[PDB]
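Asks: So that we are looking at the same thing, I have put the structure below in structure tokens.
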Amino acid sequence: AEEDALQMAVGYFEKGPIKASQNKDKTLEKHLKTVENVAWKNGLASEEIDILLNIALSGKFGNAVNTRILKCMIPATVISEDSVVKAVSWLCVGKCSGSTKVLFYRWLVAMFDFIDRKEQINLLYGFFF
DNA sequence: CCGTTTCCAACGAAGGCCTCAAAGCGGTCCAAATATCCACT
């Protein structure tokens, strides 16, 4: 049905941005529409959470695109700890802006109890302090 | 024997603290402009 389209969308997210074909930007916008729809009806799995978080916090698609990826982040399943560790490392890199950092922190505060393990999160107390 | 310096008894206000009542609105919830901004071209 559309799950193959979702896999193609996350693969295209893995490729990177585009320079000349700005209509392919509207195609990936349709892809984001599909991701939002599937996240609203049933959510997202745990395998793409790490990839989408790393792509959003890497800073390759611009702020206007990364602003809605965090909004459409709906953890239908449990969240892994290595994904949060990689997200904290990408925040410590410093390529992000202020709005995306605020959004990520609000999302982590809202989705705190949806994480399975919390000992490696406490093991990163200094980076948060 | 008498005037003068000095310690002692004493009224006071003086300050410091406590309590109550009354006038005020800052804080909380909430509207719809609107203006900060980030990169749009």
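In the structure tokens, chains take the letters A, B, ... in the order shown, each chain's residues start at 1, and ligands count up from 1 in the order shown.
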Listing only residues of chain A within 10 Å of chain B, what is the closest atom pair and its distance in Å (to one decimal) for each, using only C-alpha atoms (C1' of nucleotides), sorted by chain and residue number ascending, as a Markdown table?

Replies:
| residue | atom | partner | partner_atom | distance |
| --- | --- | --- | --- | --- |
| A:62 | CA | B:39 | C1' | 9.1 |
| A:63 | CA | B:38 | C1' | 8.3 |
| A:64 | CA | B:38 | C1' | 8.8 |

Asks: From a backbone DSSP assignment, name each residue in chain A labelled helix (DSSP H, G or I), as a CSV table (one decimal) with N, CA, C and O atoms, in the first residue's frame.

Replies:
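Just written: states21.csv:
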chain,number,residue,atom,x,y,z
A,3,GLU,N,3.2,1.7,2.8
A,3,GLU,CA,4.4,1.5,3.6
A,3,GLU,C,5.7,1.5,2.8
A,3,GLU,O,6.7,1.9,3.2
A,4,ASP,N,5.6,1.0,1.5
A,4,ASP,CA,6.7,1.1,0.6
A,4,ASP,C,7.0,2.5,0.3
A,4,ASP,O,8.2,2.9,0.2
A,5,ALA,N,6.0,3.4,0.2
A,5,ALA,CA,6.2,4.8,0.0
A,5,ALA,C,6.9,5.4,1.3
A,5,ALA,O,7.7,6.3,1.1
A,6,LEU,N,6.5,5.0,2.5
A,6,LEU,CA,7.2,5.4,3.7
A,6,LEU,C,8.7,5.0,3.7
A,6,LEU,O,9.5,5.8,4.1
A,7,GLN,N,8.9,3.8,3.3
A,7,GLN,CA,10.3,3.3,3.2
A,7,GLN,C,11.1,4.2,2.2
A,7,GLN,O,12.3,4.5,2.5
A,8,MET,N,10.5,4.4,1.1
A,8,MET,CA,11.2,5.3,0.1
A,8,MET,C,11.4,6.7,0.6
A,8,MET,O,12.4,7.3,0.3
A,9,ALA,N,10.4,7.2,1.4
A,9,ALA,CA,10.6,8.5,2.0
A,9,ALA,C,11.7,8.6,3.0
A,9,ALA,O,12.5,9.6,3.0
A,10,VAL,N,11.8,7.6,3.8
A,10,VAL,CA,12.9,7.6,4.8
A,10,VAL,C,14.3,7.4,4.1
A,10,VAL,O,15.3,7.9,4.5
A,11,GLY,N,14.3,6.6,3.0
A,11,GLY,CA,15.5,6.5,2.2
A,11,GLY,C,15.9,7.8,1.6
A,11,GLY,O,17.1,8.1,1.6
A,12,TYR,N,15.0,8.5,1.0
A,12,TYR,CA,15.3,9.8,0.5
A,12,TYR,C,15.7,10.8,1.6
A,12,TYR,O,16.6,11.6,1.3
A,13,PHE,N,15.2,10.7,2.8
A,13,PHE,CA,15.7,11.5,3.9
A,13,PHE,C,17.1,11.1,4.2
A,13,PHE,O,17.9,12.0,4.5
A,14,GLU,N,17.5,9.8,4.0
A,14,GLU,CA,18.9,9.4,4.2
A,14,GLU,C,19.8,9.9,3.1
A,14,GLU,O,21.0,10.1,3.4
A,15,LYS,N,19.3,10.1,1.9
A,15,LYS,CA,20.1,10.6,0.8
A,15,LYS,C,20.6,12.0,1.2
A,15,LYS,O,21.9,12.2,1.3
A,23,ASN,N,10.9,21.1,-7.4
A,23,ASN,CA,9.6,20.4,-7.4
A,23,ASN,C,9.7,19.1,-6.7
A,23,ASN,O,8.7,18.6,-6.1
A,24,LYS,N,10.8,18.4,-6.7
A,24,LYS,CA,11.1,17.3,-5.8
A,24,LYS,C,11.0,17.7,-4.3
A,24,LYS,O,10.8,16.9,-3.5
A,25,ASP,N,11.2,19.0,-4.0
A,25,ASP,CA,11.0,19.5,-2.7
A,25,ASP,C,9.5,19.4,-2.4
A,25,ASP,O,9.1,19.0,-1.2
A,26,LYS,N,8.6,19.7,-3.3
A,26,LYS,CA,7.2,19.5,-3.1
A,26,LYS,C,6.8,18.0,-3.0
A,26,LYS,O,5.9,17.6,-2.3
A,27,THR,N,7.6,17.2,-3.8
A,27,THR,CA,7.4,15.7,-3.7
A,27,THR,C,7.7,15.2,-2.3
A,27,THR,O,7.0,14.4,-1.7
A,28,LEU,N,8.8,15.7,-1.7
A,28,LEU,CA,9.2,15.3,-0.3
A,28,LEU,C,8.2,15.9,0.7
A,28,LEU,O,8.0,15.4,1.8
A,29,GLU,N,7.6,17.1,0.3
A,29,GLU,CA,6.5,17.6,1.1
A,29,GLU,C,5.3,16.7,1.2
A,29,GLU,O,4.7,16.5,2.2
A,30,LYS,N,5.0,16.2,0.0
A,30,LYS,CA,3.9,15.1,0.0
A,30,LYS,C,4.3,13.9,0.8
A,30,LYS,O,3.5,13.3,1.5
A,31,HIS,N,5.6,13.6,0.8
A,31,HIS,CA,6.1,12.5,1.6
A,31,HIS,C,5.9,12.8,3.1
A,31,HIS,O,5.5,12.0,3.9
A,32,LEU,N,6.2,14.1,3.5
A,32,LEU,CA,6.0,14.5,4.9
A,32,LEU,C,4.5,14.4,5.2
A,32,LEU,O,4.1,14.1,6.4
A,33,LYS,N,3.6,14.8,4.2
A,33,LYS,CA,2.2,14.6,4.4
A,33,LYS,C,1.8,13.2,4.7
A,33,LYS,O,1.0,12.9,5.6
A,34,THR,N,2.4,12.2,4.0
A,34,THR,CA,2.1,10.8,4.2
A,34,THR,C,2.6,10.4,5.6
A,34,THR,O,2.0,9.7,6.3
A,35,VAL,N,3.8,10.9,6.0
A,35,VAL,CA,4.4,10.6,7.3
A,35,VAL,C,3.4,11.1,8.4
A,35,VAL,O,3.2,10.4,9.4
A,36,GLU,N,3.0,12.4,8.3
A,36,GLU,CA,2.0,12.9,9.2
A,36,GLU,C,0.7,12.1,9.3
A,36,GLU,O,0.2,11.9,10.4
A,37,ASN,N,0.2,11.7,8.2
A,37,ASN,CA,-1.0,10.9,8.2
A,37,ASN,C,-0.8,9.6,8.9
A,37,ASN,O,-1.6,9.2,9.7
A,38,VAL,N,0.3,8.9,8.6
A,38,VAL,CA,0.5,7.6,9.2
A,38,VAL,C,0.8,7.7,10.7
A,38,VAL,O,0.5,6.8,11.5
A,39,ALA,N,1.4,8.8,11.1
A,39,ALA,CA,1.7,9.1,12.5
A,39,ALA,C,0.4,9.5,13.2
A,39,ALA,O,0.3,9.2,14.4
A,40,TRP,N,-0.6,10.1,12.5
A,40,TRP,CA,-1.8,10.4,13.2
A,40,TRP,C,-2.8,9.2,13.3
A,40,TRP,O,-3.5,9.1,14.3
A,41,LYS,N,-2.8,8.4,12.3
A,41,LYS,CA,-3.7,7.2,12.3
A,41,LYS,C,-3.2,6.1,13.2
A,41,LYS,O,-4.0,5.6,14.0
A,49,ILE,N,12.8,5.9,14.1
A,49,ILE,CA,12.9,7.0,15.1
A,49,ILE,C,14.3,7.5,15.1
A,49,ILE,O,14.5,8.8,15.1
A,50,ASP,N,15.3,6.6,15.2
A,50,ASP,CA,16.7,7.1,15.3
A,50,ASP,C,17.1,7.8,14.0
A,50,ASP,O,17.7,8.9,14.1
A,51,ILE,N,16.7,7.3,12.9
A,51,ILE,CA,17.1,7.9,11.6
A,51,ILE,C,16.5,9.3,11.5
A,51,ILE,O,17.1,10.3,11.1
A,52,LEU,N,15.2,9.4,11.8
A,52,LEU,CA,14.5,10.7,11.6
A,52,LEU,C,15.0,11.7,12.6
A,52,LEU,O,15.2,12.9,12.3
A,53,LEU,N,15.3,11.3,13.8
A,53,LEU,CA,15.8,12.2,14.8
A,53,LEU,C,17.2,12.7,14.4
A,53,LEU,O,17.5,13.9,14.5
A,54,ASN,N,18.1,11.8,13.9
A,54,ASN,CA,19.4,12.2,13.5
A,54,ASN,C,19.4,13.1,12.3
A,54,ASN,O,20.1,14.1,12.2
A,55,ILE,N,18.4,12.9,11.4
A,55,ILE,CA,18.3,13.7,10.2
A,55,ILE,C,17.8,15.1,10.6
A,55,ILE,O,18.2,16.1,10.1
A,56,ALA,N,16.8,15.2,11.6
A,56,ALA,CA,16.3,16.4,12.0
A,56,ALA,C,17.3,17.2,12.8
A,56,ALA,O,17.3,18.5,12.6
A,57,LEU,N,18.1,16.6,13.6
A,57,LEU,CA,19.1,17.3,14.4
A,57,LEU,C,20.4,17.5,13.7
A,57,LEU,O,21.3,18.1,14.3
A,58,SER,N,20.6,16.9,12.5
A,58,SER,CA,21.8,17.1,11.8
A,58,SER,C,21.9,18.5,11.2
A,58,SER,O,23.0,19.1,11.2
A,63,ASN,N,15.8,24.8,8.8
A,63,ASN,CA,14.9,24.9,9.9
A,63,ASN,C,13.4,24.7,9.5
A,63,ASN,O,12.6,24.1,10.3
A,64,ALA,N,13.0,25.2,8.4
A,64,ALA,CA,11.6,25.2,7.9
A,64,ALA,C,11.2,23.7,7.7
A,64,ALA,O,10.0,23.5,7.9
A,65,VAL,N,12.1,22.8,7.4
A,65,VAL,CA,11.7,21.4,7.3
A,65,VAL,C,11.8,20.6,8.6
A,65,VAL,O,11.0,19.8,8.9
A,66,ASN,N,12.9,20.9,9.3
A,66,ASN,CA,13.1,20.2,10.6
A,66,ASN,C,12.1,20.7,11.7
A,66,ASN,O,12.0,20.0,12.7
A,67,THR,N,11.4,21.8,11.5
A,67,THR,CA,10.5,22.2,12.5
A,67,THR,C,9.3,21.3,12.6
A,67,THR,O,8.7,21.1,13.7
A,68,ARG,N,8.8,20.8,11.5
A,68,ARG,CA,7.6,19.9,11.5
A,68,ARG,C,7.9,18.4,11.7
A,68,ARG,O,7.0,17.7,12.0
A,69,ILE,N,9.2,18.0,11.5
A,69,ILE,CA,9.6,16.6,11.7
A,69,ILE,C,9.4,16.3,13.2
A,69,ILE,O,9.0,15.2,13.6
A,70,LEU,N,9.9,17.2,14.1
A,70,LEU,CA,9.7,17.0,15.5
A,70,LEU,C,8.2,17.1,15.9
A,70,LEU,O,7.8,16.4,16.9
A,71,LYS,N,7.4,17.8,15.2
A,71,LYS,CA,6.0,17.9,15.6
A,71,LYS,C,5.3,16.6,15.2
A,71,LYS,O,4.4,16.1,15.9
A,81,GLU,N,17.1,3.9,23.7
A,81,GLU,CA,18.0,4.8,24.4
A,81,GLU,C,19.1,5.3,23.6
A,81,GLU,O,19.6,6.5,23.7
A,82,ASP,N,19.6,4.5,22.7
A,82,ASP,CA,20.7,4.9,21.8
A,82,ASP,C,20.3,6.0,20.9
A,82,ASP,O,21.1,6.9,20.5
A,83,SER,N,19.0,6.1,20.5
A,83,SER,CA,18.6,7.2,19.7
A,83,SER,C,18.6,8.5,20.4
A,83,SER,O,19.0,9.5,19.9
A,84,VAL,N,18.2,8.5,21.7
A,84,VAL,CA,18.3,9.7,22.5
A,84,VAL,C,19.7,10.1,22.8
A,84,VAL,O,20.1,11.3,22.8
A,85,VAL,N,20.6,9.1,22.9
A,85,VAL,CA,22.0,9.4,23.1
A,85,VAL,C,22.6,10.1,21.9
A,85,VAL,O,23.3,11.1,22.0
A,86,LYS,N,22.3,9.6,20.7
A,86,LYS,CA,22.7,10.2,19.5
A,86,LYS,C,22.1,11.6,19.3
A,86,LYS,O,22.8,12.5,18.8
A,87,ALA,N,20.9,11.8,19.7
A,87,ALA,CA,20.3,13.1,19.7
A,87,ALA,C,21.0,14.1,20.6
A,87,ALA,O,21.2,15.2,20.2
A,88,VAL,N,21.4,13.6,21.8
A,88,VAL,CA,22.1,14.5,22.7
A,88,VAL,C,23.5,14.8,22.1
A,88,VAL,O,23.9,16.0,22.3
A,89,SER,N,24.1,13.9,21.5
A,89,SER,CA,25.4,14.1,20.9
A,89,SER,C,25.3,15.1,19.7
A,89,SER,O,26.1,16.0,19.6
A,90,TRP,N,24.2,15.0,18.9
A,90,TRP,CA,24.0,16.0,17.8
A,90,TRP,C,23.7,17.3,18.4
A,90,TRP,O,24.1,18.4,17.8
A,91,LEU,N,23.0,17.4,19.5
A,91,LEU,CA,22.8,18.7,20.2
A,91,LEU,C,24.1,19.3,20.6
A,91,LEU,O,24.4,20.5,20.5
A,92,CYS,N,25.0,18.5,21.2
A,92,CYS,CA,26.3,18.9,21.7
A,92,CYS,C,27.2,19.3,20.5
A,92,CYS,O,28.2,20.0,20.7
A,93,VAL,N,26.9,18.8,19.3
A,93,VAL,CA,27.7,19.3,18.1
A,93,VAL,C,27.6,20.8,17.9
A,93,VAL,O,28.6,21.5,17.8
A,98,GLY,N,18.0,27.6,17.8
A,98,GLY,CA,17.4,27.7,19.1
A,98,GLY,C,16.0,27.1,19.1
A,98,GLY,O,15.6,26.4,20.1
A,99,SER,N,15.2,27.3,18.1
A,99,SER,CA,13.8,26.8,18.0
A,99,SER,C,13.8,25.3,18.0
A,99,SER,O,13.0,24.7,18.7
A,100,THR,N,14.6,24.7,17.2
A,100,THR,CA,14.7,23.2,17.2
A,100,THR,C,15.1,22.6,18.5
A,100,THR,O,14.7,21.6,18.9
A,101,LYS,N,16.1,23.3,19.2
A,101,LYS,CA,16.5,22.8,20.5
A,101,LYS,C,15.4,22.9,21.5
A,101,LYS,O,15.1,22.0,22.3
A,102,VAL,N,14.6,24.0,21.5
A,102,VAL,CA,13.5,24.1,22.4
A,102,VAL,C,12.4,23.0,22.1
A,102,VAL,O,11.9,22.4,23.0
A,103,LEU,N,12.2,22.8,20.8
A,103,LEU,CA,11.2,21.8,20.4
A,103,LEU,C,11.7,20.4,20.8
A,103,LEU,O,10.9,19.6,21.3
A,104,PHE,N,13.0,20.1,20.7
A,104,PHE,CA,13.5,18.8,21.1
A,104,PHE,C,13.4,18.6,22.6
A,104,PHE,O,13.0,17.5,23.1
A,105,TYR,N,13.7,19.7,23.3
A,105,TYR,CA,13.6,19.5,24.8
A,105,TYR,C,12.2,19.4,25.3
A,105,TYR,O,11.9,18.6,26.2
A,106,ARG,N,11.2,20.1,24.6
A,106,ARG,CA,9.8,19.9,25.0
A,106,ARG,C,9.3,18.5,24.6
A,106,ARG,O,8.6,17.9,25.4
A,107,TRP,N,9.8,18.0,23.5
A,107,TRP,CA,9.4,16.6,23.1
A,107,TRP,C,9.9,15.6,24.1
A,107,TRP,O,9.3,14.7,24.4
A,108,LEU,N,11.2,15.8,24.5
A,108,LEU,CA,11.8,14.9,25.4
A,108,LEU,C,11.1,14.9,26.8
A,108,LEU,O,11.0,13.9,27.5
A,109,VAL,N,10.7,16.1,27.2
A,109,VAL,CA,9.9,16.2,28.5
A,109,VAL,C,8.6,15.6,28.4
A,109,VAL,O,8.1,14.9,29.3
A,110,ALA,N,7.9,15.7,27.2
A,110,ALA,CA,6.6,15.2,27.0
A,110,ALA,C,6.6,13.7,26.9
A,110,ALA,O,5.8,12.9,27.4
A,119,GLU,N,18.6,4.5,32.6
A,119,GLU,CA,19.8,4.6,33.3
A,119,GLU,C,20.9,5.3,32.5
A,119,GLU,O,21.7,6.1,33.0
A,120,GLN,N,21.0,5.1,31.2
A,120,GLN,CA,21.9,5.8,30.4
A,120,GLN,C,21.5,7.2,30.1
A,120,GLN,O,22.3,8.1,29.8
A,121,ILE,N,20.2,7.5,30.3
A,121,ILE,CA,19.8,8.9,30.3
A,121,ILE,C,20.3,9.7,31.5
A,121,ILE,O,20.8,10.8,31.4
A,122,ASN,N,20.2,9.1,32.7
A,122,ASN,CA,20.7,9.7,33.9
A,122,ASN,C,22.2,9.7,33.8
A,122,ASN,O,22.9,10.6,34.5
A,125,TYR,N,23.8,13.3,32.8
A,125,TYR,CA,23.3,14.4,33.6
A,125,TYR,C,24.1,15.7,33.4
A,125,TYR,O,23.6,16.8,33.4
A,126,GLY,N,25.4,15.6,33.2
A,126,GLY,CA,26.3,16.8,33.0
A,126,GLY,C,26.0,17.5,31.7
A,126,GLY,O,26.0,18.8,31.7
A,127,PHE,N,25.7,16.8,30.6
A,127,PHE,CA,25.4,17.5,29.4
A,127,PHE,C,24.1,18.2,29.4
A,127,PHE,O,23.9,19.2,28.8
A,128,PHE,N,23.2,17.8,30.2
A,128,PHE,CA,21.9,18.5,30.4
A,128,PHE,C,22.1,19.6,31.4
A,128,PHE,O,21.5,20.7,31.2

Asks: Record the distance separating atom CA of residue 74 of chain A and atom CA of residue 96 of chain A, expressed in Å with one decimal.

Replies: 21.1 Å
